[PDB]
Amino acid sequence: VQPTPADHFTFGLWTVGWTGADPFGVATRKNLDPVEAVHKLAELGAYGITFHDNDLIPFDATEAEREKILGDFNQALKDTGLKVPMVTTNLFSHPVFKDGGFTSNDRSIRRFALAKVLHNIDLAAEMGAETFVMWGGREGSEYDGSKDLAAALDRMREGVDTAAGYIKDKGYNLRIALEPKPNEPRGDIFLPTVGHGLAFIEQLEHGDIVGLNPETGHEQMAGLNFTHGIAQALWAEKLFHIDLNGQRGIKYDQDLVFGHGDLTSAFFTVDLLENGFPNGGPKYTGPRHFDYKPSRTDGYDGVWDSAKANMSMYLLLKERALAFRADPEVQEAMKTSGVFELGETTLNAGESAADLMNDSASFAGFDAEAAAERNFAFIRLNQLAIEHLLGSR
């Protein structure tokens, strides 16, 4: 263990600051001061802090209040050395955003939400953030006839392209990252998975500066393989930021510590972030952000306990993931299974679809029954990863 600032562990203000109100109860913790949040995070080993506009500045704050709050906030950053790598907007708590922000059926709410985002783009740039996250938590419905589904996507595109266009126009060194979620708070959220988010960016005018912010728990709420999904984001060159946490199953968004959900998936998530791909390719080099919530049953000792535990978890998995790939029996197990063979092109250099046209050598004289005997040995390969994870090897 022992996290240091080069690890790039970033935490949201709303994570440690989450006081415990869930849908069946009131907060169980006293509010956490932001200056206090910054000091504690810096002392634990964090590299940066992120926030939602209304996490720092009340929705109601006056210009005088806004400047007082930013001054103490900015002094704390200064005193500690924490960076502010990502900033986001709250388009979900105020009753006004009850049918959404960008895709609200009410046109005046659409403008209001877009206006709130544009101003937040100015604060992001002022803080030195490199990523602007968008979580469209109220964009969706409970009922299928509540929306014109083509119009909802046109309205989503207008919002995202106006904000991008504005970044480009002002020359901020900022990228937008959309954060998919399948449901909750809405019955169905638009762009519910990594796939949907990625396809959607391809339809934008300014897609070049738009990417994703996948969250472990969120793909797991649809039953999807998180490593598979980030792999696809990474492969497309659109993995701009990431939110790490735990989810045990398809149920409400739990936001547990990273590693306190699906442990084997978390191991393979850390191998992809740290080690990248077996055959070489793209690498994710941004910050490792923890979007979780300290369990409501625990007091403030639990809150600082949970923040350290996320970092701990990631460094213990990282250590076993480095030893796993380094292991000569694993490397040989991988060669047997065809992990490196998958890296070879199917077609020979210069071969055409008519040339191969299945060639036979690859079609007519192929022994399918003999090729089928191959022992891929995937089970033995999986056993090697579990033993490495368990600290056994």
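Each residue number is its position in the shown sequence, starting from 1.
In this entry, the higher average B-factor at the C-alpha atoms falls on 293-301, of the pair 211-219 and 293-301. If you average the C-alpha B-factors over 46-54 and over 31-39, the higher value belongs to 31-39. The residue among 253, 161, 148, 79 whose C-alpha atom has the highest B-factor in the PDB entry is 79. Taking the PDB entry at face value, the top CA B factor among 382, 19, 10, 375 belongs to 19. Annotation for residue 312: CA B-factor lies in the middle third of the chain's modelled residues.
In this PDB entry, the Cα temperature factor of residue 128 sits in the top third of its chain's modelled residues, the highest group. Sorting the modelled residues of the chain by their CA temperature factor places residue 319 in the highest third. In the PDB entry, residue 122 places in the middle third of its chain by CA B-factor. Compared with the other modelled residues of the chain, the Cα B-factor recorded for residue 168 ranks in the highest third.
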